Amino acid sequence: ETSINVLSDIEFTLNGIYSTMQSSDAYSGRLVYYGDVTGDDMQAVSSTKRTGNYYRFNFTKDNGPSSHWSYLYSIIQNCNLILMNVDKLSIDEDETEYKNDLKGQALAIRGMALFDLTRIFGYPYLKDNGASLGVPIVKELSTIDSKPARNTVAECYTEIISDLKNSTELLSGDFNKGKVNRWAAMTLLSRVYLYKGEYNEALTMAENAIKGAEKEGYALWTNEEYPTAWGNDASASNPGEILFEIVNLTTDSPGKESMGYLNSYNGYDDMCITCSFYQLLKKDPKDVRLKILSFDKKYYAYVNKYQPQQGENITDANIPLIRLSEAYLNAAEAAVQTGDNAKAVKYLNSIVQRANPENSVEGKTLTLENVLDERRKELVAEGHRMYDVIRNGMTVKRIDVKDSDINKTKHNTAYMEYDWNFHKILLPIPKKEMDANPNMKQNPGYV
């Protein structure tokens, strides 16, 4: 009289999880754009745009969004459902790998979801070695009586790393369209290690993610492919470089609040690049990433990474959530941070030279800032920038510079410079949670 009796129930539960992740309130929108419009390289096009209140840090405890919280905990609950049951199922010898991968998917997803909750609602690990409040670690199934208190950021990372590490030992390395695989999980785990300052472990995981994905036939998009590769429909025979893709379909659409519709002047004209980022990017006019900018006349430049597949509306563009390019940048960062310049130059040069083969960082003693300056060009509109500055104890500095190629783009915010002491880099705990859970403590500066 329960929901998991046979393996296919696990597959059904995973399908539900991926369908939840596809929402524009989850990984087809809000969970992606958060780290861009709270940074320095993208902004809301106006205060009344969907991204406006995030860009302006305009939320209060009384009006803050609840979707990040609800969607991620929904996902975690179904992962728990799988994880509490999957090992009890008796299966055939020849279903073992398949079952191991299903369990690995659930573990990777739980780690991802708890990582997102922790970075959204808790101060960065390296501020105080995870001493601040993260969120509740929920590993079983909720009932009406469940009223957990927030664990620490450190405790959360313990769980995040444990789930992801274990997933890397269970997940298949095969191409798996719209699903998490070994190389995607290793790449995320490398990111999680960087945020924690575990650079040796970050480096090992990024390097192995690359070696494994490339043996499997994934490859960085060439300079020639880059401008249009985003609209390809990858397959096992042509994987491209996306290691985990959110698949959106004409017949299964996330709607007009998706990245595809927000990042387009044919959509909601919602979020664009800042002038300072345009000026940084165009310092090298042969940088191939200039070719994924879509200009609304001479007013705004949108990041045209959410390219619909053939026949589709921009609404149903897939989300390139984890890319091989990030494993390269993670390895570069971890190399710098462990004092291996040779290795940093090796990995960084692959990104640099794909953007423009006439450039090289050979002969440079690479700095963290050098690596992050490449990373911001590569990962613009994919949800990284604010976190990457803030996690490193750096100050986000919005620059009010003008450019005549994008002459309507200008900052419009009270908040131009901020670091990990700014209380609004964290969303407040949603009111519905505060109202329903008396063991829930609000983030500082809000109450």
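Counting begins at 1, following the sequence as shown.
Mean C-alpha B-factor is higher over 87 to 95 than over the other stretch, the pair under comparison being 147 to 155 and 87 to 95. Look at the C-alpha B-factors of 106 to 114 and of 305 to 313. On average they run higher in 305 to 313. Taking the PDB entry at face value, the top CA B factor among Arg30, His384, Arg391, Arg398 belongs to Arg398. Of the residues listed, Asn80, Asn176, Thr187, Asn318, the entry assigns the biggest Cα temperature factor to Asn176.
Remark: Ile425 belongs to the middle third of its chain, ranked by C-alpha B-factor as recorded. When the CA B factors of the chain's modelled residues are split into thirds, the value for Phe59 lands in the highest one. In this PDB entry, the Cα temperature factor of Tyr299 sits in the middle third of its chain's modelled residues. Placement of the Cα temperature factor of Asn349 within the chain: middle third of the modelled residues, per the deposited record. In the deposited entry, the Cα temperature factor of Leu290 places it in the middle third of its chain's modelled residues.
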